[PDB]
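Written below as structure tokens is the structure these notes are about.
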Amino acid sequence: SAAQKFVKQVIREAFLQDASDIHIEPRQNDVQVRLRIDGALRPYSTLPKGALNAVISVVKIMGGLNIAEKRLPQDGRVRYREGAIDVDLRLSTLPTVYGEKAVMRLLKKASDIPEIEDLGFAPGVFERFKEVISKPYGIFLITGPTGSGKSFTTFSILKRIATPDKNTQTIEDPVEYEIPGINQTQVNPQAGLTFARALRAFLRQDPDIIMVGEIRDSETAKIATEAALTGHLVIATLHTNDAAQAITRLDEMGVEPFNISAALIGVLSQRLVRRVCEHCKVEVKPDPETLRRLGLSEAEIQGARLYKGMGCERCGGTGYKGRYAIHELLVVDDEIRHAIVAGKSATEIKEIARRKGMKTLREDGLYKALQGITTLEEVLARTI
Amino acid sequence: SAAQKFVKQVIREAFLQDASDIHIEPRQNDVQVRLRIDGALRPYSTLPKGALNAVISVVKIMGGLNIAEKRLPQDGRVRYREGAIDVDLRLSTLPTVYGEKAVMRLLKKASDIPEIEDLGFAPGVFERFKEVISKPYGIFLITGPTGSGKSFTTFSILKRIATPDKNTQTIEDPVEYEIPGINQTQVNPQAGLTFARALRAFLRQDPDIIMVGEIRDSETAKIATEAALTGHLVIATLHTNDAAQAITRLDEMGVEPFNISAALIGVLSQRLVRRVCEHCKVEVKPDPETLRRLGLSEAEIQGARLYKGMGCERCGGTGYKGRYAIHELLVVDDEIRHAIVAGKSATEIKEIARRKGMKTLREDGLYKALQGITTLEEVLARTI
Amino acid sequence: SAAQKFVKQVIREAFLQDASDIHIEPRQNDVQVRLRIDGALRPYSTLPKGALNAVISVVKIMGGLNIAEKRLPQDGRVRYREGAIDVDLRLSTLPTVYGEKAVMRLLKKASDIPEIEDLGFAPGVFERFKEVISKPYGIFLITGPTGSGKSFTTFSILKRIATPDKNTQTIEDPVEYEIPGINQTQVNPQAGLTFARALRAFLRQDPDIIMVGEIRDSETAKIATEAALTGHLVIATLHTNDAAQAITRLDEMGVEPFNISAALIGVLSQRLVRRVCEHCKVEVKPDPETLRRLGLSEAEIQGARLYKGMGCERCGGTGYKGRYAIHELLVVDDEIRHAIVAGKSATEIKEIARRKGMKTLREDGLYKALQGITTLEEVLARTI
Numbered sequence: 505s506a507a508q509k510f511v512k513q514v515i516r517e518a519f520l521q522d523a524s525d526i527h528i529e530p531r532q533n534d535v536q537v538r539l540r541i542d543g544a545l546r547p548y549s550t551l552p553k554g555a556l557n558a559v560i561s562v563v564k565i566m567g568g569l570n571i572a573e574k575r576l577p578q579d580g581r582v583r584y585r586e587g588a589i590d591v592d593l594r595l596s597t598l599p600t601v602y603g604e605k606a607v608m609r610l611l612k613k614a615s616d617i618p619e620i621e622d623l624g625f626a627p628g629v630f631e632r633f634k635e636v637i638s639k640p641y642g643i644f645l646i647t648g649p650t651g652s653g654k655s656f657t658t659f660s661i662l663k664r665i666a667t668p669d670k671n672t673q674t675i676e677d678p679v680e681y682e683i684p685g686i687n688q689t690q691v692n693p694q695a696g697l698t699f700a701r702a703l704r705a706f707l708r709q710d711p712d713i714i715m716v717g718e719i720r721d722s723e724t725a726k727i728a729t730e731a732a733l734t735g736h737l738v739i740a741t742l743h744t745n746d747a748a749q750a751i752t753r754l755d756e757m758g759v760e761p762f763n764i765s766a767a768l769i770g771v772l773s774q775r776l777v778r779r780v781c782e783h784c785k786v787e788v789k790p791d792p793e794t795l796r797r798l799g800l801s802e803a804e805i806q807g808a809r810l811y812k813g814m815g816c817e818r819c820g821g822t823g824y825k826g827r828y829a830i831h832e833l834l835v836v837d838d839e840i841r842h843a844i845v846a847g848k849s850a851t852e853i854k855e856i857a858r859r860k861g862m863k864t865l866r867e868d869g870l871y872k873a874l875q876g877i878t879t880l881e882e883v884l885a886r887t888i
Numbered sequence: 505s506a507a508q509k510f511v512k513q514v515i516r517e518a519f520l521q522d523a524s525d526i527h528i529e530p531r532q533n534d535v536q537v538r539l540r541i542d543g544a545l546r547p548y549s550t551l552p553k554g555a556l557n558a559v560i561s562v563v564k565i566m567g568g569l570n571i572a573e574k575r576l577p578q579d580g581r582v583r584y585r586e587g588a589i590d591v592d593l594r595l596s597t598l599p600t601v602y603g604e605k606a607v608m609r610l611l612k613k614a615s616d617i618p619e620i621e622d623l624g625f626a627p628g629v630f631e632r633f634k635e636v637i638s639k640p641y642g643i644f645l646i647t648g649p650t651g652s653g654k655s656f657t658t659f660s661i662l663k664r665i666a667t668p669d670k671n672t673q674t675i676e677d678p679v680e681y682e683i684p685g686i687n688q689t690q691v692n693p694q695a696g697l698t699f700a701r702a703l704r705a706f707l708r709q710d711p712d713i714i715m716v717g718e719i720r721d722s723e724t725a726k727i728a729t730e731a732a733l734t735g736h737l738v739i740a741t742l743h744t745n746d747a748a749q750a751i752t753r754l755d756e757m758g759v760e761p762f763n764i765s766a767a768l769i770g771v772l773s774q775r776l777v778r779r780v781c782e783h784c785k786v787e788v789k790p791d792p793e794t795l796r797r798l799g800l801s802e803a804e805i806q807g808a809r810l811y812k813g814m815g816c817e818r819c820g821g822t823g824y825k826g827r828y829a830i831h832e833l834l835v836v837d838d839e840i841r842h843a844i845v846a847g848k849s850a851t852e853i854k855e856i857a858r859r860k861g862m863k864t865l866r867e868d869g870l871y872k873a874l875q876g877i878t879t880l881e882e883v884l885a886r887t888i
Numbered sequence: 505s506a507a508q509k510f511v512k513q514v515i516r517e518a519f520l521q522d523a524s525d526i527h528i529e530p531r532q533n534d535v536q537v538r539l540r541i542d543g544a545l546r547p548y549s550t551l552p553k554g555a556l557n558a559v560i561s562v563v564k565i566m567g568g569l570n571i572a573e574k575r576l577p578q579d580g581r582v583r584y585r586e587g588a589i590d591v592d593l594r595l596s597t598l599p600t601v602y603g604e605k606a607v608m609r610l611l612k613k614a615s616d617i618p619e620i621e622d623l624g625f626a627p628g629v630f631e632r633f634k635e636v637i638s639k640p641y642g643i644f645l646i647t648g649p650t651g652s653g654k655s656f657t658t659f660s661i662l663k664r665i666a667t668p669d670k671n672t673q674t675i676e677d678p679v680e681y682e683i684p685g686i687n688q689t690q691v692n693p694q695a696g697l698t699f700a701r702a703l704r705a706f707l708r709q710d711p712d713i714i715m716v717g718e719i720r721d722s723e724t725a726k727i728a729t730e731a732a733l734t735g736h737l738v739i740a741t742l743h744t745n746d747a748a749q750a751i752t753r754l755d756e757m758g759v760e761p762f763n764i765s766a767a768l769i770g771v772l773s774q775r776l777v778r779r780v781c782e783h784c785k786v787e788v789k790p791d792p793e794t795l796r797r798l799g800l801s802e803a804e805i806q807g808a809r810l811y812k813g814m815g816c817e818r819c820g821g822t823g824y825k826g827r828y829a830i831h832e833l834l835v836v837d838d839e840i841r842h843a844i845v846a847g848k849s850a851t852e853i854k855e856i857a858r859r860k861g862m863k864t865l866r867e868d869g870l871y872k873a874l875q876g877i878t879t880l881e882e883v884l885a886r887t888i
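Protein chains in written order, with PDB author numbering: chain A, 505 to 888; chain F, 505 to 888; chain D, 505 to 888.
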């Protein structure tokens, strides 16, 4: 009874709450049910400990798992739908000394991916961003922390450029999104489709745009670079604290600087900071020391403002609803390319880049705090 | 019975005075019982030879081990109590030509998990420990050999962050702490549920917090870090005698250096020394050879104070009263992150960190001796 | 499965437009088939998504792949020699969220068998080509994806050296490069005539020249090696992406390292770079660091004049007009044979040959970029 109601009730709300994840997680006497909302788990409900196993068996069914294989941890995919609700789930079940556990991660659709316009870049760098991502060929990187939008930006760009005339071709594991116009290839070690193999397949597929879900394999750093040189547009993902580091990372991973230089068109770093919920938005003031570090001066600081939430139903009482992306844009030109071929470091490139207009990740963040998206605190609190 | 009371009482003293282990050994009238309090097998008491069977039968009957079996070894788990103590032990016995031997290991209960404030950090390093482990995301490494205090540090941090409202998924083999609010997977080869398989599921299962009791499987090291890279807060336990080299060790475990860089919030190397009993502390010379080897300053020698234990009864007659943890904390800012992605060694990472003010394991320990808590020599014995 | 209707209409159009590739794109509700011409795609037709699965399934049959196997993707060459439409296709059923994408890359026809002077060899690789092919003993291996002219050149070797004084016999799958006056055999796996089996007979013929159309089978790697080992010129297509890697590749395929070195005399990799159409030969004088990092002799980096096609209504506006061959023949001597047994990296064994006069593909292609034939980017794209 309760077990069947339970699985579907949590899943239904997870989509409605836009939880990124659904948890059915057993404890000593009961099961704590939690939804990952705006990047963090919070309680939803509880199951009786007995209901737990009935519940886990039900989700194994929901994801297509082998219901009989209760010794080994398993996973699969739930095409969970309810009325207008439609988000695939990645279901994973696991034994616990407290009974079986199950979690259903929300996977996404083309309709969840923001337009390139919805990504959150400062307008200055955004127009330059669009100019870089619109290039007929060349390396464009999107790098950084969880939820940063490395994936969403990558796909916002890929969808934009996945026009009738372009083989937008990607590497995902499993496919994260359901998107038309783009060949969303899934990594499959049984087939030999490792990330490096999947990019070898990318070139064999005669592509227009590469998407490397994460450039982990050294070979993917090189293949993505080759792709750029071969006349493909290259979009690839890393985890860096800045754009100059991401270029540096292409060299740290073994990509020759003469290719990075010829191929590179721009590097983007990106991260998430909480967004103030509109239903409770209120004007507050910023910390002037941070603002002085931005170069704002007393002259502009005197009129500076930040926003926070007062709390509302939309934000779950936290004052914030969703998180927004912050962007660093290393638009690449001749001086940067001369620095790259020479083998220059992230610091050396960064100095050129800022002189050339590279609004920094931190700066775009603090800027968005100042433009009313967030607070000059959350920005600082989500980096290293 | 005398044996049952003996066992409950020795266990109480062992936990109360901080033994790592309880040693009950074969002797021809009488049985020698020692407690490894503060690392030394301090004498505790004795029993008639026939007590080897009565007392060990208690160790086994409680452990869940077969009493009659005296040829093959056994290893169990018991929640034991007397006086101020109610704490878990591992229970094991050894087949012996002279009659069995039994030793019980001082596991702590979930309810005994210390606040991070209770881990022995001086206020300075403490605030940094707190700031590191409380980072909204990333991996914290806890390192060292038998006698380092890893499980308390490991679980202390967990106590602070894995509230009942947060999803947590822990790997143990077998379970030591249990711990409502946190899902605890016990590794089970019957299934094929390795630490790696346990984490394979944890990753797909999206907990906020991941804990691994021992990073032994390569895949386990990688996954725990993978989550930590972008947003999960991860606690990992492993063997290393240097906070910066620990980074190198995680690289050795198969975790991509770039993954480590992004994930890592800090590394703590630990060691425990004997605390001097207050009621018989002896202010010492201090010894010039011991001091020379350690490098103590006249500022310390002529004003800070080192003590030895003389004997105060309350110390088991050995002059000491419990372990004093010594802590070497590497705080991972983004310069150290750079060093990591750059492939830098402990020397390079440590030198950057010391240039930033990082206190070494010997500097901390010696301070602790100089705080009048421990002995100059106890510190020396576990460092250079 | 029709599916196949489109597969056939598409293939016919792809050849007529000289598309480099066919893209049967699995989509959300349908399948979008696109052709690649001069750096961009154009749509041809669509199929129902259900037809996609039928496409994937039938193309698997076509490639000799298992139609019943869709737990994983498959790939292979399809002998679609449909009269006027007779370019061989590289089938890659790469799995996406919408099913596998049936890419079919176009592999070239005999295209007349050239003299070695018609291949565009630099004097370095040219004279060495002449030297290597003139031999009575040893394997002359050629690399790059079919369509890059491997077999074009492989058969050029025979055209030039299979004189009335020499016993020549070749085996292919299917015969791709016919040469009048030369005895050609086609494999027949149905009979059991693997390449190895044929080559085994070739050993038995005490031939002067033994051709292998594609050294792909493990048995064949061993026998093709024996083909030369036993005292015969062997000429072969080694279907990999690098001449130097081709050496190591025989070892990768299970060929005794020793037999491989005994068996080899020269390995050529070749590619074609897109041309700059004269009009837009803009002398983008090089950054010497690019050229130096490319391993271009200092003498050459100084004489170097890099180009970039402007794009340029006569290209256009890609910056390029058609393709131009570049070459790297690793003439083999004893330094190379040491390296062959060793299984050295492509770069090092190639560099050894480079100093023998083998303008590496990077030196040669770059030299051609440096003359305005092609551009930096194309060279890097083809030579990294």
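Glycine included, C-beta positions come from ideal geometry on N, C-alpha and C.
Taking the alpha-carbon positions, what's the residue i to residue j distance?
| i | j | result |
| --- | --- | --- |
| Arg-779 of chain D | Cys-819 of chain D | 8 Å |
| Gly-799 of chain D | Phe-625 of chain D | 19 Å |
| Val-636 of chain A | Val-582 of chain D | 38 Å |
| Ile-830 of chain A | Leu-772 of chain A | 10 Å |
| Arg-701 of chain A | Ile-853 of chain D | 24 Å |
| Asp-868 of chain D | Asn-763 of chain D | 30 Å |
| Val-607 of chain A | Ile-617 of chain F | 27 Å |
| residue 889 of chain A | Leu-645 of chain A | Given that chain A is displayed from residue 505 to residue 888, the structure contains no residue 889 of chain A and the question cannot be resolved. |
| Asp-838 of chain F | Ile-769 of chain F | 10 Å |
| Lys-564 of chain D | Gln-578 of chain D | 7 Å |
| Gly-567 of chain A | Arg-753 of chain F | 37 Å |
Going by DSSP, name the residue or residues bridged to residue i.
| i | result |
| --- | --- |
| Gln-709 of chain D | DSSP lists no partner for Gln-709 of chain D. |
| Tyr-681 of chain A | A:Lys-612 |
| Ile-830 of chain F | F:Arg-775 |
For residue i, return the contacting residues in chain C, with the cut-off set at a CB-CB distance below 9 Å.
| i | result |
| --- | --- |
| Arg-720 of chain A | Of the chains in the structure shown, none is chain C; the protein chains are A, F and D. |
For residue i, go through chain F and note every residue whose CB falls closer than 8 Å to its CB, in chain order.
| i | result |
| --- | --- |
| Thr-729 of chain A | Those within 8 Å of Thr-729 of chain A in chain F number zero; the least Cβ separation is about 17 Å. |
Take residue i and list the residues in its own chain whose beta-carbon comes closer than 7 Å to its own, dropping the five residues that flank it on each side.
| i | result |
| --- | --- |
| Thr-550 of chain A | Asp-534, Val-535, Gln-536, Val-537 |
| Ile-620 of chain F | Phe-633, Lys-634, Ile-637, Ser-660, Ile-661, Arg-664 |
Just to confirm my understanding: we take residue i, look at its own chain, exclude 5 residues before and 5 after, and list those with CB closer than 6 Å. What are they?
| i | result |
| --- | --- |
| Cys-784 of chain D | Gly-813, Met-814, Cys-816 |
| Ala-747 of chain F | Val-771, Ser-773, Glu-832, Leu-834 |
Output, in chain order, the set of chain F residues within a Cβ distance shorter than 9 Å of residue i.
| i | result |
| --- | --- |
| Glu-756 of chain A | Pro-761, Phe-762, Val-845, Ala-846, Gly-847 |
Among residues of its own chain, excluding the 5 on either side of residue i, which ones have a beta-carbon nearer than 8 Å to its beta-carbon?
| i | result |
| --- | --- |
| residue 457 of chain F | Residue coverage of chain F in this structure runs from 505 to 888, which leaves residue 457 of chain F outside it and unanswerable. |
Chain A partners of residue i, CB-CB under 7 Å?
| i | result |
| --- | --- |
| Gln-532 of chain D | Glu-682, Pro-684 |
Which residues in chain F sit within 7 Å of residue i, going by Cβ to Cβ distance?
| i | result |
| --- | --- |
| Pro-547 of chain A | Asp-669 |
Identify each residue in the segment 661–682 of chain F for which the Cβ-Cβ distance to at least one residue of chain A is less than 7 Å, and report them in chain order. Correct list: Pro-668, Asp-669, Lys-670, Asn-671, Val-679, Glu-682.
What residues in the segment 608–621 of chain A have a beta carbon less than 7 Å from any beta carbon of chain F? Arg-609
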